[PDB]
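Two forms of the same protein chain are encoded below as structure tokens; each is given separately, as structure 1 and structure 2.
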Structure 1
């Protein structure tokens, strides 16, 4: 109980700073955000993506609600977390640190599983509908929680140990241990290494999903929208046209466009066989349109123009009656895909940028001897690292509340429409 670098280890006298006020206001904000997000999410459910998001939010809310009153009661007696009850000495610190590490690892693992599922569904449709079910996907959160419990129970075995960080309240993983044993340093490096691997895997899955979605967007546009637009433009040209040669030229262009477009494929049911009924209805509509092109061509070869324009009008009628449904479904599916990927990316960047400094602190403070003052260089930096770790559970539901709120949902829809 005598150390120069962490001199707050045995100090039971807390400092009367503004730590309690900031802790209280941040806990209040976090609880308000958790409650509001769960209320906004309850009635929509009554997608595997959104049930995973709901499970993540429930785990976060349970963790915050469990850890806040302990610190509140420790501050209530205006003493440290070293001892609050005579029979529970030095156990409050261990419980606090164990739960904090447990919830951090569980949250990271659930974000990784969310991103992996999203990329897989956008990338491997056969494996998407082949194996996983929603009942099978509902049990990942107990699995992740159990694994986090298994990993964070290792310090109780003896390979690692927890230490108290001043003022009187924090408890966390021992970091430097006077450049001593390989046990504590091994635990710290293993922990930060696991977090680094998870962060890198999440970023890789995000990039793979973005590239696959970009590929689907390009394929859809080239296969259907250009052919649709040349059909519509040549219909306008015929409606303006006056001579038979121009009409025959325009109808040759439409024939090429319709044949190419009948070769296309909608973004949904890309796994489906070409003999599926929706595909046959797509093909049947284009067969009727091609036949009417042939009728107008036959009738315009004989020098008569008005009847060619009449058959063009019939083309317009069947075009609206048979074709628009698949195009509309295509674009709606694309917008939903972009929405889900945007939510995943905006959580990923936050997790990485708030989890980096502890990784840096454990990396730099492991392979380095004693240096610089141990009063404000170590302590302020460690308090900063702990604050950046703690920010995760506070701002996690709020950005989701901002994005899914219907008024800002429409505002972002207009923002996306603007370019």
Structure 2
């Protein structure tokens, strides 16, 4: 009484769903091709080289595996009888390539998340020895490692079995009456997948906390002191008598000194001797000198030059210390966009792979007894279907994240919260 009825089945009878496979493969192909057109041509970081590698790996997965399932389902035959020149080799190759692509894609996503976390958190280590060579030599290394790793059943540590209705093939997990060389590969594969997913989630969380720290540091010093300066200039320009002028000027002077103590998000690695900080400090010094001469002229002696001095101060403020503020804000928004793209990709990958791990651990050593006929094959097919359908959704995320009007509305949406 073998667990799988359809292990030796040589024919297929089902509900003509080959056209559905055709339309899904067509949608995936057009999504991949439009995504590879859009940014890689019009738009043109180390993030985007990794994204490009991910898209091309996914495209080569779709162009290779969906044709075989569609052809077997269309010729009205099982996967052992679809091609007469090779009966078992088709099943072995199908399962081998499915597992290999599934592992390599997850390794690439983990590398993406780890690189972004390191870049956002620790800038000195990131700048020291991470460049476009690293972002260009990720996919060959991880793909070679996964292709070397997924060859154990061809060596003697696992088994590939055809799943009912005979149109799919995958590693066997529900074991014999009892064995030691069939538990090993299944649990090792699922353990690796779980560890990769956990590491990816942790890296995402760390990067988010570092970006929050950056936002708070920007929002305190420069931005609140700028608001104070604007309010003090307004209250000077709308005032009568020379009593409150001294108090407003002193509040403005204190705010200017505190703001001069601040640090922009960029050109912060080298605080001294940087021209981008030196002219910042020079502009604040000029503003403080103007405040000092206004105080001397209109406060030690009574005269109404304070309004003209305030107008001159506003004119020299609105000239060449707005560029730093605007550059800082723009940098923060582009960082937030990169993190959102990572978050969506991570959510998809973590969701659509846990059924496989759960099924592998459920069929192994957690079985006093299992109802076997109508309750395990229909459950086994779903995990394979989800692991396959990861491929369709991947490039459409990038298309929507770089759409003409859709991404514009999206960016207008998520900035507010």
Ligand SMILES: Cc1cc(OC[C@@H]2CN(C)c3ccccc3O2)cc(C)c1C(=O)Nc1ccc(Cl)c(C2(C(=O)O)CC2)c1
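If you superpose the two forms and keep the largest set of C-alpha atoms that fall within 1.5 Å, you have the rigid core. Residue numbers count along the first chain shown, from 1.
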property: Structure, 1 versus 2, that is the form solved in complex with the named molecule; result: 2
property: Comparing forms between structures 1 and 2 after core superposition, the one residue of 195, 241, 343, 71 displaced by 2 Å or more at CA; result: 71
property: Large Cα move at residue 303 between structures 1 and 2, threshold 2 Å, rigid core; result: yes
property: Rigid core fit then residue 327 CA moved by 2 Å or more between structures 1 and 2; result: no
property: Threshold 2 Å Cα movement between structures 1 and 2 at residue 291, rigid core reference; result: no
property: Per-residue CA shift, residue 267 (Å; core superposed between structures 1 and 2); result: 0.8
property: Angstrom displacement of the CA atom of residue 389 between structures 1 and 2, core fixed; result: 1.0
property: Rigid-core-superposed Cα shift at residue 372 between structures 1 and 2, Å; result: 4.0
